[PDB]
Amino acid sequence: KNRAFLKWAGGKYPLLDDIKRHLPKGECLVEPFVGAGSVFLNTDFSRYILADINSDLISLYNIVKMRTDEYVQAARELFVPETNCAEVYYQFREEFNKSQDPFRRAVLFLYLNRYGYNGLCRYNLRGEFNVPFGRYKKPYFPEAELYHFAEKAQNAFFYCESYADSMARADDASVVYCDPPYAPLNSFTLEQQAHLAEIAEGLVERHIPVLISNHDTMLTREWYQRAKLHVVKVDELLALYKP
């Protein structure tokens, strides 16, 4: 179980076995919600398309892919112990919210993922990153995970796009793995939630497989109704669209 350099909080690695049980083989895996990368990091496709709306994430990812050593070194500096108090965190939050340089921002992004309350990633209405200090014991610099991610990223393209656009890049050689924000028990709406399904139906008819993960509820069974459904242990659901 290769870990992700980022917290989500990470988040977790349940389901992983089950996702791989039902994930069908192919050349290229297309992920319209990469998030922390956990599935990508734990699979062996020849080739990966990975997308997400959060541009801070994609930008980090391309940098880790293209400038690995220079990235690791600049990031490492600010895991020294002088930077582990409320006074520094807030100064670094502000710098990040005011920076226009993508590189510097990716370095600071890392530190905030690791020193901030529960590894949350959150913006206020002015679109500033607005998570407070976590008061963490001893954070951990993820040097190995960084390198491991960048080796793997050499067969990965990353795009800042929403699900319909990333989903439109699959072809017959592709498989598609979907991890939308969870159905309920701004944000991602139910209209979008049902829209993802239709896209899935559109793709499977074109002979491209699609697997979707979500809570098990009334709404999701409605949405995923034209798919093979496996329940797993609230319960999770894995909707498979096999041609």
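Quick note: we count residues from 1 along the sequence shown, nothing fancier.
Per the record, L185 and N186 are separated by 10 or more deposited residues that have no coordinates. The modelled chain breaks after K233 and resumes at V234, leaving 10 or more residues of the deposited sequence without coordinates. If you average the C-alpha B-factors over 136-144 and over 71-79, the higher value belongs to 136-144. Stretches compared: 224-232, 11-19. Higher mean C-alpha B-factor in the entry: 11-19. When the Cα B-factors of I53, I63, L50, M218 are read from the PDB record, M218 comes out highest. Out of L211, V34, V204, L57, the entry records its largest CA B-factor for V204. The entry lists a Cα temperature factor for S174 that places it in the highest third of the chain's modelled residues. In the deposited entry, the Cα temperature factor of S38 sits in the bottom third of values across the chain's modelled residues.
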